[PDB]
């Protein structure tokens, strides 16, 4: 319960919409993508402008309210909603300005990937981001951001040229390579630790149609397929991206009925470049095993972005355990296949991703993002509907991770689950974590922004 004068100053300054626990849309406004997170904020402030975010940060600081910031609400740790605090909700700040001649996009901090991609593709332009359209740009970029265009053009942060950011003191700063470069280093991988980003500026690239393929392999052939994949990606051109999703086969017409619901490897691949070269490149990796349900298409980049994932179903409840690998040993390969064979929910995926390429050619210390030199990512992404089955699916992800943990290092902060606060130092490493703390001490000394993979100051 709040100070009336502080609240009245807030209401007069704030031009967005405020949602209170008694309002009709409070229950839908406080849900985030991870539906296991059920929390009740004192206030949700739907900002519509940078002055709105200023007023909301300042109101929160003066009132002592625990601050959650929300872009697209996809935090796998549930950081975008809080008990008893204020949600600074950016979802209505979804505007993008694209300059075709300059190959530049300026995107507000609340954009969804699909809105961003629609705007840039109006000019046949693009820049790297994640693979599911309704993910928020904000959290994704601040953690690094990888997807289809990343082996060719780097992480999202490798194309970021500046931000507008509201800091804990209510100030509005620009951070770039020429202005507050210490803060600009930190926001490229350091998350929401340093303030609320209200606008991102990106360099764009011309991206025409891309040759794309998706197919399914039986777990029978898993050893030969995963070994073909890790061997080929070690020397693959930047232009090829190839990812493996172990999952239950979806009940789709392109798959034989006897495969529906059983563990398979879903392989998805694309060529960023000439589609005829892409057709030759993909044809040579599609037959590592017998391809079932093969879909080949020459897609506009916006449609590639909208494709993931097959079955198009939004799960209510999720739990993720992830790490990087420097090498994918045969022992790690067998472990991945044994646990994939035990997947229970049709929405769970054991993801095997290969980064590298342009991501790995950026010097390690040039941004806050850790583990550019590890090309493999494995993600035990459990997802289900029924809340009484939480233990089944959570246990699957935990046991898989534990059996792999010796082969893993680091961790992508954007794949951390609600119980992985203690993983922050191991994810960043000692040198980056220490540098991040010094930037935290300068820009957020009270740790007002602590609903994130948190960096304590000093």
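Positions refer to the first chain, counted from 1. In this text, rigid core is short for the largest set of C-alphas that superpose within 1.5 Å between two forms.
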task = Output the stretch, either 235-243 or 302-310, that has more C-alpha displacement from this form in 6 other deposited structures of this protein following superposition by the rigid core.
result = 302-310
task = Please pick 311-319 or 154-162, whichever has its Cα atoms farther from the shown form in 6 other deposited structures of this protein after a rigid core fit.
result = 311-319
request  = With reference to the PDB entry, specify whether the mean Cα temperature factor is higher for 309-317 or for 242-250.
outcome  = 309-317
request  = Select between 179-187 and 140-148 the stretch whose C-alpha atoms have the higher average B-factor in the entry.
outcome  = 179-187
task = Have a look at 65, 69, 413, 53 and flag the one whose Cα has the highest B-factor in the entry.
result = 65
Selection by C-alpha B-factor (highest) of 348, 388, 120, 161 = 388
message = Ranking the modelled residues of this chain by C-alpha B-factor as given in the entry, is residue 169 in the lowest, middle or highest third?
response = highest
key: Position of residue 342 among the chain's modelled residues by C-alpha B-factor, lowest, middle or highest third   = middle
inquiry  = Lowest, middle or highest third: which one holds residue 275 when the chain's residues are ordered by CA B-factor from the entry?
reply    = lowest
task = Sorting the chain's modelled residues by C-alpha B-factor, tell me whether residue 327 ends up in the lowest, middle or highest third.
result = highest
note = For residue 454, the third of its chain by CA B-factor is the middle
